[PDB]
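Asks: Please see the structure below; I have some questions.
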Amino acid sequence: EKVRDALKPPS
Amino acid sequence: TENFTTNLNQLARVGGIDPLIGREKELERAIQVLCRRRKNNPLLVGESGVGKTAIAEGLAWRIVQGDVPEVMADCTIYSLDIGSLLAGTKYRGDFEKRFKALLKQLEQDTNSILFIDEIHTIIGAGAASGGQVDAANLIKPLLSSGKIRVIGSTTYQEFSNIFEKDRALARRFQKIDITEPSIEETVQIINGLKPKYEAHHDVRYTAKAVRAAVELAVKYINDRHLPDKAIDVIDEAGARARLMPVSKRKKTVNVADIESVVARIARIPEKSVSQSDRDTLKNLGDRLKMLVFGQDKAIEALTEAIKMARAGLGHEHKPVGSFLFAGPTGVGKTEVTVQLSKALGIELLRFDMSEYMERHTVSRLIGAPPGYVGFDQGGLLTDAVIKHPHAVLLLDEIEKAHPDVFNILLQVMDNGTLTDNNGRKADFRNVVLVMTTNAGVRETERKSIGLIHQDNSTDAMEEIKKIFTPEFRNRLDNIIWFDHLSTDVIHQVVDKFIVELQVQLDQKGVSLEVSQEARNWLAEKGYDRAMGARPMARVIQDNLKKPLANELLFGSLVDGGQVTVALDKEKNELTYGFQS
Amino acid sequence: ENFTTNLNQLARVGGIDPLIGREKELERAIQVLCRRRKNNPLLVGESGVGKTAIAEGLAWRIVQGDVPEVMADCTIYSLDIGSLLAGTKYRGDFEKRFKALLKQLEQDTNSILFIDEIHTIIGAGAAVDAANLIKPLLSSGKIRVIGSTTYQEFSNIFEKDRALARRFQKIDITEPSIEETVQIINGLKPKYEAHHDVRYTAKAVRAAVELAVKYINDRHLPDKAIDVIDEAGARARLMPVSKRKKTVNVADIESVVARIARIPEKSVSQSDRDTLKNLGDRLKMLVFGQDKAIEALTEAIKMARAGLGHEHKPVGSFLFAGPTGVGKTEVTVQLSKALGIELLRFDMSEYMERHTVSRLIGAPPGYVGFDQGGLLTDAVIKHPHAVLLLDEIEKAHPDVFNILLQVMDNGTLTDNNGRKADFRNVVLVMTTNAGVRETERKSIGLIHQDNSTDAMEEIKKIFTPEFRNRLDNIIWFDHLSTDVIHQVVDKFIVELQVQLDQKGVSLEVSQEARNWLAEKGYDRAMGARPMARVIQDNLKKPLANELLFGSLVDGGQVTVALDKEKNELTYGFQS
Ligand SMILES: Nc1ncnc2c1ncn2[C@@H]1O[C@H](COP(=O)(O)OP(=O)(O)OP(O)(O)=S)[C@@H](O)[C@H]1O
Ligand SMILES: Nc1ncnc2c1ncn2[C@@H]1O[C@H](COP(=O)(O)OP(=O)(O)O)[C@@H](O)[C@H]1O
Ligand SMILES: Nc1ncnc2c1ncn2[C@@H]1O[C@H](COP(=O)(O)OP(=O)(O)O)[C@@H](O)[C@H]1O
Ligand SMILES: Nc1ncnc2c1ncn2[C@@H]1O[C@H](COP(=O)(O)OP(=O)(O)O)[C@@H](O)[C@H]1O
């Protein structure tokens, strides 16, 4: 259930 | 916290939370626990539907009204929803973020209290997958230190198995046993709740109806507990009053309406619950007497036992009646049972005791299918009585039954309630109990082996005394002997069979003129001392119906009837008249 | 609101067929919906029964106005599980959508959320979900939720949990009666007919319901009835290109059911008179042995179907006895093949252990859902209109015989599962090898004595006297004759000839070889069972070896004969 998340900035 | 916790105190101001009636002892114990320096977390352990959640919600209602001590004033109860807290997390720390935030709020307010219904769930992983970071572990330090106060409601079974396994969390909580108060206190509770329910359905509940609901629920609705069951029948009664009448009909909920609602829940025919059977009881003896001839002392005994139970003289805990039928086969033992069932309208459950002869098969009657298999099965006897509260249990060839079966009946007759291995409580106090045995007939019919014929008048009782234990016989109301059918009563039996055939022929248009002399000859062949009247079925059908029936389908006379019968001395045959 | 679809608004614009029947079930839902607490109703019903449609009927009542004023302004919605689970890919994303819809529904009062197939969303199940948000909406009492769940998966999801069962009221939704179902078709007839402008005769619609339950035995008759009706109408619309057969008849509906059933049209068609009339002729064609038994048995079947005014008892209760493999089983399988029913096989010898008796009516080991249940009772429910074959009935425990008496007399059987079987249509047959065993043994005496005994007396020793009186007629096979066995050899070799025909090689067998193979292969004690072993190893081994490597690789042209002095077969092959 616990999953890591990778984000990305717009620019 | 924004949506997970609903402020019960604020909710009570508007409504929703119904008033709590008479739980001072429970609330006093809870208020005392909440005032503790440490581990001030009450736990409400009780059976389902016994007001576990009303006490917690009711405490908020009582606080608003100022019916609590000054120390507990200015206190807000919060009702945490575990499902909402575990919905939408989808991340490593979403659950801990929101859960910890709730604790910060509670820590900020010294008087804030958290009400967690079904607290057994927190032990189960809230948002932990292959990990032990659960909701319970997070709150363990705070409960020990008195930072937050938590109220929990859980069932005894859940408390015993789900809860109490982690001795850590169990230690913080103080068990408060919540049990149903009484059959009479529930009436007071419904009175306090009656205005809210009355307003919803725009009806008024009669004082007799509310008392009847509780009393009627206990007799039939045994699966659930007293507070919830009584309220549920009340709720359903108002709804039926809303939909059944179109308009300008009686708004008041009558006592008869309560009986209809409880009947459908219990799947009862709705006739037994009512007390309008007095008319049938008036002439029950005479009506049954004409149906079955001879053995009058048996019909009067049966009617008298039923009549007393419906007049308030019945046994408080025992069944309506326990009887043993000792007589020859085919002497009307099963006739009084079936005819009684038909007139009363209740079912006639029949169990063959020849099948239950060995020890391994006794468990079937008082046990679920072998091992732990089968769904709504239970004991073969238990599901029949539970299904039909008012019935006529019939057992044939009880003497053949294994001794262990008699031990089961001892508690039935002595206590009136039977508990299945599964765990359910079967209460059958209305069912009459009848057993049929042929123990004594063998001794009485057979003559002594000697030149002198010894007296066999008392021999029949001696066999029953040794065959049936004294404890078993003592519980029985009376032992009634079915005596051999004398020639006088034998004439009535043939009259009933021939008249019955005449009724069937009457619709078809055929008529019969059987002679009285033919009746005598039919009786000798039809009735046997050893087999009783069981062979008499074939004699009437074969001698009278079969020759005429063959002719009716295809014969010299296709139709018109007007048949006659007379005894033939030389041929010992019955005459057949064919007039078109 | 985008996920769900408002049924109340749908009725205003049409597209909802007028519900017919289920007045009591529909009225029950309204009564519970008006409750202060536990208002949330449940619809425990099997697939195809019509549990989804009854909820739609409620919306029509609101629009019609034939309900109390409390529900006159109420609205109903249908939760679309597919819409919510469309592209989330993570558990918990689904939950967020459910919460948002609940808030939208919560703001407006008198809103009912009809959750079709509620069992899927809640509970772990067998073959995903969270079930965390269904509990708070029930406890809050804000919005009523109508949940449709099957009988199966309801005991393992709702009865196991108190929270869901406490807030849900159980409504038993049984299948409608045959009379009630045909009335529904009449109600739905104008909508289907308007689509393709064909007129259905009353006989065809009534026949469809009666025949569908008898043959399909897959799902409940309400769904099956609408399928065959729509299928026949669609087929009739485009079946003839040149001819527009606007009329409908029983002929058309029969073919449609045959296609889905995948059974011959003659058997599926209501041609019971035709099939019974030629039952013996069809059976006698394939098998020409034991004509005496066939004549008695064939007549017993025709009279049995009539029932002689008694239908509750099983129609077929014939018992067969005699030597093993002398036609005891061939007649049963060939009887089913001609009828087209699915033959079932159970060997009582295997079920000669008390533990095995429980297997027939349940499972001794713990099972989840009791899907397997009884080995025989479940099969009867699966195919009620099928023959039941029993082998070696003699070698069975005494208790098993008691159960058999109830079937023929009571006409119904009750087990741990509690499923009821309509034994009326069910047929039964048994084979007894004990009789042949009595003649095979030799007496303890200086000179042997005739061991032939009456068939009736033999049965009394092994069978209770309370069974032969309830039976129709006893059929016994004494032994085969030289002319019958000799002809059978010719029939069996044809299969080898047909097998060789595809391979491209011919075969020739001398008449002398056929006669010799019959005496050795046939056995009085074992009937014709060893004949297959004797004939196969004799003929198959030499031909198979040569066919692979030898002159017989292609062409065939074989010849077989036996020398008189040798009294042994000789095989000749030509390249
Ligand atoms: N009075 C009626 N009773 C039953 N079915 C009806 C009735 N009137 C119309 N029908 C139709 O009969 C069919 C019944 O289907 P249902 O039993 O509701 O299906 P279902 O159980 O929801 O199916 P699933 O999703 O496969 S479990 C539909 O085509 C209904 O429109
Ligand atoms: N003293 C009481 N005053 C008011 N309602 C009560 C009282 N005792 C019980 N009830 C009723 O009991 C029900 C609460 O049952 P509950 O304890 O929540 O059941 P469960 O344990 O199955 O969750 C409500 O109908 C509530 O009104
Ligand atoms: N006294 C009686 N009067 C009329 N019929 C009787 C009487 N006793 C027995 N019978 C008939 O006997 C038939 C078969 O025997 P049964 O009554 O079942 O025997 P038993 O009463 O010994 O159990 C029943 O159909 C019943 O009508
Ligand atoms: N009348 C018959 N004509 C042709 N073959 C027959 C006939 N009766 C029986 N047989 C043959 O008897 C054999 C029975 O085999 P099998 O089914 O194993 O026997 P069983 O059921 O006795 O164990 C088959 O080869 C079958 O074709």
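Ligands are numbered from 1 in the order shown, chains are lettered A, B, ... in the order of the structure tokens, and residues start at 1 in each chain.
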Restrict the distance test to only C-alpha atoms, flag each residue of chain B within 7 Å of chain C, and return the flagged residues as an MDAnalysis selection string.

Replies: chainID B and resid 83:84 87:90 200 235:236 239:240 243 369 371 373:375 377

Asks: Include C-alpha atoms and write out the residues we just selected as a compact mmCIF listing (two decimals), in the first residue's frame.

Replies:
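Output below, filename result.txt:
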# COMPACT_ATOMS: atom_id res chain seq x y z
CA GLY B 83 -12.98 4.25 7.45
CA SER B 84 -12.79 7.91 6.47
CA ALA B 87 -9.76 6.31 2.69
CA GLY B 88 -7.68 8.25 0.19
CA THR B 89 -4.28 7.77 1.83
CA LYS B 90 -2.55 6.05 -1.15
CA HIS B 200 -41.03 10.67 11.81
CA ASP B 235 -39.80 1.56 13.54
CA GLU B 236 -41.30 -0.97 11.13
CA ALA B 239 -43.52 2.64 8.27
CA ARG B 240 -46.32 0.16 7.56
CA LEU B 243 -47.58 3.07 3.24
CA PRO B 369 -24.04 -31.39 10.01
CA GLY B 371 -17.67 -31.64 11.43
CA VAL B 373 -20.25 -27.78 7.76
CA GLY B 374 -23.67 -26.55 6.50
CA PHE B 375 -25.02 -22.92 6.76
CA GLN B 377 -28.80 -26.10 9.38

Asks: Find the residues in chain A near chain B: any atom within 7 Å counts, using only C-alpha atoms. Write them as a list in words.

Replies: residues 1, 2, 3 and 4 of chain A

Asks: Any idea what's packed within 7 Å of residue C:77, counting only C-alpha atoms, ignoring anything in its chain fewer than 6 positions away? Could you give it as a list in words?

Replies: residues 4, 5, 6, 7, 112, 113 and 114 of chain C

Asks: Among the residues of stretch 47-287 of chain B, find those DSSP assigns to alpha helix (DSSP H) from the backbone and print them as an NGL selection string.

Replies: :B and (52-64 or 82-85 or 94-108 or 120-123 or 135-145 or 156-161 or 167-172 or 185-201 or 207-220 or 226-243 or 255-266 or 278-282 or 284-287)

Asks: Return as a ChimeraX atom specification the residues of protein, DNA or RNA that approach ligand 3 to within 10 Å, with only C-alpha atoms and all ligand atoms taken into account.

Replies: /B:289-296,325-339,396-397,436-438,482-485,489-490,492-497,527,531-537

Asks: Could I get the residue neighbourhood of ligand 1 at 9 Å, counting only C-alpha atoms and all ligand atoms, as a compact mmCIF listing (two decimals) with N, CA and C atoms, in the first residue's frame?

Replies:
# COMPACT_ATOMS: atom_id res chain seq x y z
N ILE C 16 -37.56 2.88 -19.87
CA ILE C 16 -37.74 1.94 -18.77
C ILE C 16 -38.99 1.13 -19.07
N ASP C 17 -38.84 -0.18 -19.17
CA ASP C 17 -39.98 -1.04 -19.45
C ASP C 17 -40.90 -1.09 -18.24
N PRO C 18 -42.23 -1.09 -18.43
CA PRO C 18 -43.13 -1.11 -17.27
C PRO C 18 -43.04 -2.43 -16.51
N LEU C 19 -42.70 -2.33 -15.22
CA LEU C 19 -42.60 -3.51 -14.38
C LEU C 19 -43.97 -4.14 -14.17
N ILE C 20 -44.01 -5.47 -14.24
CA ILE C 20 -45.23 -6.25 -14.02
C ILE C 20 -44.92 -7.29 -12.96
N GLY C 21 -45.74 -7.31 -11.92
CA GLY C 21 -45.56 -8.25 -10.83
C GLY C 21 -44.68 -7.69 -9.74
N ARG C 22 -44.33 -8.59 -8.81
CA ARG C 22 -43.50 -8.25 -7.65
C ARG C 22 -44.08 -7.07 -6.88
N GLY C 45 -30.88 -11.75 -4.18
CA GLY C 45 -31.48 -12.50 -5.27
C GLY C 45 -30.43 -12.97 -6.25
N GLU C 46 -30.73 -14.08 -6.92
CA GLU C 46 -29.82 -14.67 -7.89
C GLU C 46 -29.83 -13.87 -9.19
N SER C 47 -28.76 -14.05 -9.97
CA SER C 47 -28.63 -13.36 -11.24
C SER C 47 -29.74 -13.77 -12.20
N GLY C 48 -30.34 -12.77 -12.85
CA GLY C 48 -31.42 -13.00 -13.79
C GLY C 48 -32.80 -13.03 -13.17
N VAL C 49 -32.88 -13.03 -11.84
CA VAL C 49 -34.17 -13.07 -11.16
C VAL C 49 -34.97 -11.80 -11.42
N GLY C 50 -34.29 -10.65 -11.50
CA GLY C 50 -34.94 -9.37 -11.70
C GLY C 50 -34.75 -8.44 -10.53
N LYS C 51 -33.62 -8.58 -9.82
CA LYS C 51 -33.36 -7.72 -8.67
C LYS C 51 -32.97 -6.31 -9.10
N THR C 52 -32.28 -6.18 -10.23
CA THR C 52 -31.92 -4.84 -10.71
C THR C 52 -33.15 -4.08 -11.19
N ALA C 53 -34.07 -4.77 -11.87
CA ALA C 53 -35.25 -4.11 -12.42
C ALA C 53 -36.22 -3.64 -11.34
N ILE C 54 -36.35 -4.40 -10.25
CA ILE C 54 -37.29 -4.00 -9.19
C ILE C 54 -36.89 -2.66 -8.60
N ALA C 55 -35.59 -2.37 -8.55
CA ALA C 55 -35.16 -1.07 -8.06
C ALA C 55 -35.56 0.02 -9.04
N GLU C 56 -35.48 -0.28 -10.34
CA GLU C 56 -35.90 0.67 -11.35
C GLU C 56 -37.38 0.97 -11.23
N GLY C 57 -38.17 -0.05 -10.88
CA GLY C 57 -39.60 0.13 -10.71
C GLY C 57 -39.93 1.20 -9.68
N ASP C 116 -25.64 -1.34 -7.38
CA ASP C 116 -25.82 -2.65 -7.98
C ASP C 116 -24.56 -3.47 -7.74
N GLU C 117 -24.74 -4.77 -7.49
CA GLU C 117 -23.64 -5.69 -7.18
C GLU C 117 -22.76 -5.13 -6.06
N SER C 148 -27.82 -4.56 -4.07
CA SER C 148 -28.17 -5.83 -4.71
C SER C 148 -26.99 -6.79 -4.59
N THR C 149 -27.21 -7.91 -3.91
CA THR C 149 -26.19 -8.92 -3.71
C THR C 149 -26.78 -10.30 -3.96
N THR C 150 -25.96 -11.19 -4.51
CA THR C 150 -26.41 -12.55 -4.77
C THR C 150 -26.51 -13.33 -3.46
N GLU C 175 -37.31 -16.33 -7.65
CA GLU C 175 -37.64 -16.33 -9.06
C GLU C 175 -39.17 -16.37 -9.22
N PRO C 176 -39.72 -15.73 -10.25
CA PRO C 176 -41.17 -15.74 -10.41
C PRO C 176 -41.69 -17.07 -10.91
N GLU C 180 -46.59 -16.34 -13.52
CA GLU C 180 -46.21 -14.94 -13.39
C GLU C 180 -45.25 -14.51 -14.49
N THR C 181 -44.33 -15.39 -14.88
CA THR C 181 -43.34 -15.04 -15.89
C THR C 181 -43.96 -14.82 -17.26
N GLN C 183 -46.87 -13.74 -17.86
CA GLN C 183 -47.57 -12.46 -17.81
C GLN C 183 -46.60 -11.32 -18.06
N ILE C 184 -45.37 -11.44 -17.56
CA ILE C 184 -44.36 -10.41 -17.76
C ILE C 184 -44.06 -10.26 -19.24
N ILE C 185 -43.97 -11.38 -19.96
CA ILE C 185 -43.67 -11.33 -21.39
C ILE C 185 -44.77 -10.58 -22.13
N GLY C 187 -46.53 -8.22 -20.92
CA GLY C 187 -46.31 -6.82 -20.62
C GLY C 187 -45.19 -6.23 -21.46
N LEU C 188 -44.14 -7.01 -21.70
CA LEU C 188 -43.00 -6.58 -22.49
C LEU C 188 -43.16 -6.86 -23.98
N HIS C 220 -31.67 -18.27 -14.29
CA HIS C 220 -33.09 -18.20 -14.00
C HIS C 220 -33.91 -17.84 -15.24
N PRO C 222 -36.49 -15.79 -15.95
CA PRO C 222 -36.86 -14.45 -16.46
C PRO C 222 -35.88 -13.91 -17.48
N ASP C 223 -34.58 -14.00 -17.19
CA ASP C 223 -33.58 -13.54 -18.14
C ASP C 223 -33.57 -14.42 -19.38
N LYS C 224 -33.70 -15.73 -19.21
CA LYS C 224 -33.71 -16.64 -20.34
C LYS C 224 -34.89 -16.38 -21.27
N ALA C 225 -36.05 -16.08 -20.70
CA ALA C 225 -37.24 -15.84 -21.52
C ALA C 225 -37.06 -14.64 -22.44
N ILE C 226 -36.57 -13.53 -21.90
CA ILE C 226 -36.37 -12.34 -22.72
C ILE C 226 -35.31 -12.58 -23.79
N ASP C 227 -34.31 -13.41 -23.50
CA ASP C 227 -33.25 -13.66 -24.48
C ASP C 227 -33.78 -14.41 -25.69

Asks: Check which residues fall inside 9 Å of ligand 2 when counting only C-alpha atoms and all ligand atoms, and print them as an MDAnalysis selection string.

Replies: (chainID B and resid 17:23 45:55 58 117:118 153:155 180:181 185:186 188:190 192:193 226:232) or (chainID C and resid 37 162:163 166)

Asks: Please return as a PDB file with N, CA and C atoms, in the first residue's frame the residues found within 6 Å of ligand 4, counting only C-alpha atoms and all ligand atoms.

Replies:
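The resulting part-v6.pdb:
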ATOM      1  N   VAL C 287     -28.293 -50.698 -31.068  1.00  0.00           N
ATOM      2  CA  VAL C 287     -28.078 -51.919 -30.292  1.00  0.00           C
ATOM      3  C   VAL C 287     -29.205 -52.893 -30.599  1.00  0.00           C
ATOM      4  N   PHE C 288     -28.832 -54.100 -31.026  1.00  0.00           N
ATOM      5  CA  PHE C 288     -29.770 -55.157 -31.384  1.00  0.00           C
ATOM      6  C   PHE C 288     -29.783 -56.308 -30.383  1.00  0.00           C
ATOM      7  N   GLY C 289     -29.194 -56.132 -29.202  1.00  0.00           N
ATOM      8  CA  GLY C 289     -29.123 -57.184 -28.206  1.00  0.00           C
ATOM      9  C   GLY C 289     -30.135 -57.011 -27.091  1.00  0.00           C
ATOM     10  N   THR C 324     -22.220 -58.900 -15.704  1.00  0.00           N
ATOM     11  CA  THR C 324     -21.553 -57.637 -15.986  1.00  0.00           C
ATOM     12  C   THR C 324     -21.254 -57.468 -17.473  1.00  0.00           C
ATOM     13  N   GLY C 325     -21.384 -56.231 -17.942  1.00  0.00           N
ATOM     14  CA  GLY C 325     -21.093 -55.881 -19.330  1.00  0.00           C
ATOM     15  C   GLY C 325     -21.797 -56.706 -20.385  1.00  0.00           C
ATOM     16  N   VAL C 326     -23.086 -56.988 -20.186  1.00  0.00           N
ATOM     17  CA  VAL C 326     -23.897 -57.715 -21.163  1.00  0.00           C
ATOM     18  C   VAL C 326     -25.003 -56.797 -21.673  1.00  0.00           C
ATOM     19  N   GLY C 327     -24.767 -55.486 -21.620  1.00  0.00           N
ATOM     20  CA  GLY C 327     -25.734 -54.492 -22.039  1.00  0.00           C
ATOM     21  C   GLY C 327     -26.379 -53.716 -20.912  1.00  0.00           C
ATOM     22  N   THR C 329     -25.022 -51.298 -19.106  1.00  0.00           N
ATOM     23  CA  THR C 329     -24.630 -49.900 -19.248  1.00  0.00           C
ATOM     24  C   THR C 329     -24.826 -49.348 -20.653  1.00  0.00           C
ATOM     25  N   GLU C 330     -24.769 -50.196 -21.683  1.00  0.00           N
ATOM     26  CA  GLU C 330     -24.933 -49.704 -23.049  1.00  0.00           C
ATOM     27  C   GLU C 330     -26.321 -49.115 -23.264  1.00  0.00           C
ATOM     28  N   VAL C 488     -22.214 -58.980 -33.110  1.00  0.00           N
ATOM     29  CA  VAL C 488     -21.535 -57.872 -32.440  1.00  0.00           C
ATOM     30  C   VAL C 488     -20.095 -57.737 -32.915  1.00  0.00           C
ATOM     31  N   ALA C 528     -19.292 -59.388 -22.067  1.00  0.00           N
ATOM     32  CA  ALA C 528     -18.521 -58.955 -23.225  1.00  0.00           C
ATOM     33  C   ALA C 528     -17.372 -58.018 -22.868  1.00  0.00           C
ATOM     34  N   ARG C 529     -17.077 -57.836 -21.580  1.00  0.00           N
ATOM     35  CA  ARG C 529     -15.963 -56.968 -21.200  1.00  0.00           C
ATOM     36  C   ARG C 529     -14.618 -57.488 -21.694  1.00  0.00           C
ATOM     37  N   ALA C 532     -13.338 -56.956 -25.702  1.00  0.00           N
ATOM     38  CA  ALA C 532     -12.620 -55.790 -26.203  1.00  0.00           C
ATOM     39  C   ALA C 532     -11.120 -55.955 -26.013  1.00  0.00           C
TER      40      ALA C 532
END

Asks: Give me the residues near residue C:229 as a PyMOL selection string, where near means some atom within 8 Å (using only C-alpha atoms) and where sequence neighbours in that chain fewer than 6 positions away do not count.

Replies: chain C and resi 205+208+253

Asks: Rounded to one decimal, what separation in Å do you get between atom CA of residue C:234 and atom CA of residue C:246?

Replies: 11.2 Å

Asks: Between atom CA of residue B:268 and atom CA of residue B:242, what is the distance, to one decimal in Å?

Replies: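 Going from atom CA of residue B:268 over to atom CA of residue B:242, I get 22.9 Å.
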
Asks: What does the structure give for the distance between atom CA of residue B:26 and atom CA of residue B:177, in Å to one decimal?

Replies: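 Going from atom CA of residue B:26 over to atom CA of residue B:177, I get 8.2 Å.
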
Asks: Name all residues at most 10 Å from residue C:311 (count only C-alpha atoms; drop same-chain ones fewer than 3 positions away) and give them as an MDAnalysis selection string.

Replies: chainID C and resid 304:308 314:315 411 423:425

Asks: Find the residues around residue B:1 up to 9 Å (only C-alpha atoms counted), leave out those fewer than 4 positions away in its own chain, and share them as a list in words.

Replies: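 Once the nearby chain positions are removed, what remains is residues 5, 6, 80, 85, 98, 99, 101, 102 and 105 of chain B.
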
Asks: Which residues come within 12 Å of stretch 500-502 of chain C, counting only C-alpha atoms, excluding same-chain residues fewer than 6 positions away, as a list in words?

Replies: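 Here the answer would be residues 493, 494, 508, 540, 543, 544, 547, 552, 553, 554, 555, 556, 557 and 558 of chain C.
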